[PDB]
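Note sheet for the following structure.
What's counted below: heavy atoms across the whole structure, side chains too, no hydrogens, waters or symmetry copies. Start at 1 and go down the list; that is how both ligands and their atoms are numbered. Every chain is numbered from 1, with letters handed out A, B, ... down the list of sequences.
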2 protein chains.
Amino acid sequence: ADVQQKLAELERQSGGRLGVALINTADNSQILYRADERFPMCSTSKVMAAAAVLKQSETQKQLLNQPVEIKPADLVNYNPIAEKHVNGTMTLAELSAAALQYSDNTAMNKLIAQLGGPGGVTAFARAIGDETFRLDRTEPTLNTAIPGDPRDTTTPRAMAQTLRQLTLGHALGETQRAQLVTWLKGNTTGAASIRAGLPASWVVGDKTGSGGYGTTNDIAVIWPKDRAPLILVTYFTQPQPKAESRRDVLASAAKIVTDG
Amino acid sequence: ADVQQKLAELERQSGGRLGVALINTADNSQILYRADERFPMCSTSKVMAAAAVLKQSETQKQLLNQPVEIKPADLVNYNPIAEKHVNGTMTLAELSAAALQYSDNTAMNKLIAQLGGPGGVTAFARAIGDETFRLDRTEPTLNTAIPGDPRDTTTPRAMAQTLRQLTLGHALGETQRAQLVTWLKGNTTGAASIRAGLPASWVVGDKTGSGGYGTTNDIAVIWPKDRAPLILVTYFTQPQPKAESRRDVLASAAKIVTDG
Ligand SMILES: *C(=O)/C=C/N[C@@H](C(=O)O)C(C)(C)S(=O)O
Ligand SMILES: *C(=O)/C=C/N[C@@H](C(=O)O)C(C)(C)S(=O)O
């Protein structure tokens with residue numbers, strides 16, 4: 001509508017490539033912008049991995065309480081939670097929360113190892129009907145974000161659809177779906193991103209990501225004041241190897257698509 | 001010097017009044033800017049209330065498990081957590097988390113009432129050697145933030161000092177101190193405020209606030225990469241009752257005072 005002109009303006013003024021998918025669950029309407037292009041997911045991939053471990057825990061009923069050893073060698077680049085338990089252990093519930101709410105990279109690595117490798121995360125994507133998602137690498141190299149590289153990519157449309165099934169749909173058993181939403185709603189890293197663009201009264205759960213070429217991402221489930229929930233995926237990447245993050249672009253994108 | 005001039009330049013362009021107080025616990029140095037002027041606290045006052053409840057919990061030893069009834073008449077203007085428990089209950093631990101991490105205003109009112117009113121929160125401030133802090137009203141009117149009004153105000157210097165004692169000192173017992181810091185570290189609302197101004201590797205716990213006159217506040221305990229923690233208060237208020245919030249200003253303030 002004007003939504004398209006505005007998104008195009010934002011994109012041009014930003015110097016980057018912008019990807020947006022909104023699903024409105026009141027009526028299944030969508031707002032799409034480069035929705036079928038691939039973008040590096042970076043840490044927004046932590047959602048698929050934690051969900052995969054949730055799913056495992058539907059048949060391995062004590063899985064979330066299993067201790068996992070954190071060695072000095074497991075420490076990656078960003079480890080605000082793991083590094084407090086080195087030469088100690090963390091449960092798989094603790095690791096999921098640390099990956100999701102703090103973006104801890106060591107924690108993500110443990111989730112990936114539990115699933116048997118990046119392949120296992122991709123296998124779960126495929127099990128819930130996501131044929132686009134691909135995880136190929138561990139932290140921190142999954143975040144390289146090199147233009148033209150298909151590794152560790154998905155599309156806004158696929159990720160919105162998947163986030164809808166996981167958070168509001170039936171990809172997970174009910175307890176597990178509640179657990180994921182509880183973890184997402186407690187994210188500590190999202191206030192400058194999608195949230196920044198929404199009315200203060202609306203409630204949000206979301207997972208950010210960032211990486212190379214100033215890749216700046218957010219995926220969110222959103223409960224507007226007095227409306228059915230929305231799903232929003234805002235992905236953004238830039239042409240220079242060491243571009244600065246742009247969480248404000250995401251916020252601008254969320255304001256634009258939710259004003260209507 | 002360089003920083004005092006930069007702060008003045010930032011304030012000069014902001015359209016408002018900026019209060020800063022930084023304490024570097026490596027050497028107890030300070031950086032101060034309008035640090036003995038009063039500002040309205042808004043929700044940064046929630047720290048003092050949760051800390052008062054923690055203090056109570058040192059002698060009433062299951063206090064944090066105690067259920068509190070939430071009635072429809074309790075709901076204020078912003079209760080993302082409390083509203084799911086109307087005609088039900090929340091524990092004091094849950095009210096604490098809700099007020100700190102989500103800024104739930106019904107939650108804050110239950111903490112105030114557990115302390116005997118706004119007066120009891122002030123009494124606790126006084127018991128830990130804070131002679132500046134004053135809480136006068138309940139939510140939501142505590143955030144009116146009218147220029148010149150002394151209600152519900154403190155100074156950046158008083159709040160920096162208090163925050164240091166609560167989170168790194170011995171104002172509380174050790175478990176209570178750790179509980180507070182854990183709650184601050186899991187704040188969901190801070191990524192666009194002080195955090196936005198600091199390198200991504202630095203770990204932050206904080207409490208934001210906002211209100212009338214475009215008042216935009218953040219107070220934080222910061223664990224920089226490879227340095228002793230800092231304490232930072234950034235307060236900001238504006239001349240028009242309906243001004244928009246300016247979390248960007250706090251971010252910039254944070255960057256100026258941490259650059260070197
Ligand atoms: C999640 O999106 C990944 C976070 N890590 C990166 C970041 O930008 O925070 C690095 C650069 C620390 S690395 O890819 O781990
Ligand atoms: C904490 O700072 C509380 C915030 N409240 C206000 C805000 O600006 O967010 C309102 C307007 C929601 S209310 O006056 O409490």
**Message:** Counting only heavy atoms not in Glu69(B) (residues, nucleotides, ligands), do more than 12 fall under 6.0 Å from its CD?
**Reply:** no

**side-chain hydrogen bond (donor to acceptor under 3.5 Å, both in side chains) involving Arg157(B) - partner list, sequence neighbours excluded** = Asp36(B)

**Prompt:** Any chance NZ of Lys84(A) has more than 12 other-residue heavy atoms, nucleotides or ligands included, within less than 6.0 Å?
**Reply:** yes

**Asked** Using a 4.0 angstrom limit on heavy atoms, which residues are close to ligand 2?
**Response** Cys42(B), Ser43(B), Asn77(B), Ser103(B), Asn105(B), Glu139(B), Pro140(B), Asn143(B), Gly209(B), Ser210(B), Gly211(B)

**Complete:** Sorted by chain and residue number, the side chain to side chain contact (heavy atoms under 4.5 Å, CB included) partners of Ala200(B) (sequence neighbours excluded) come out as none

**Prompt:** Taking the six-membered ring of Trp223(A), is the NZ or CZ of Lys185(A) close enough (under 6.0 Å from the centre) and on axis enough (within 45°)?
**Reply:** yes

**Request:** Sequence neighbours left out, what pairs pass salt bridge (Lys or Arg N to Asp or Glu O under 4.0 Å) with at least one residue falling in residues 215-227 of chain A?
**Result:** none

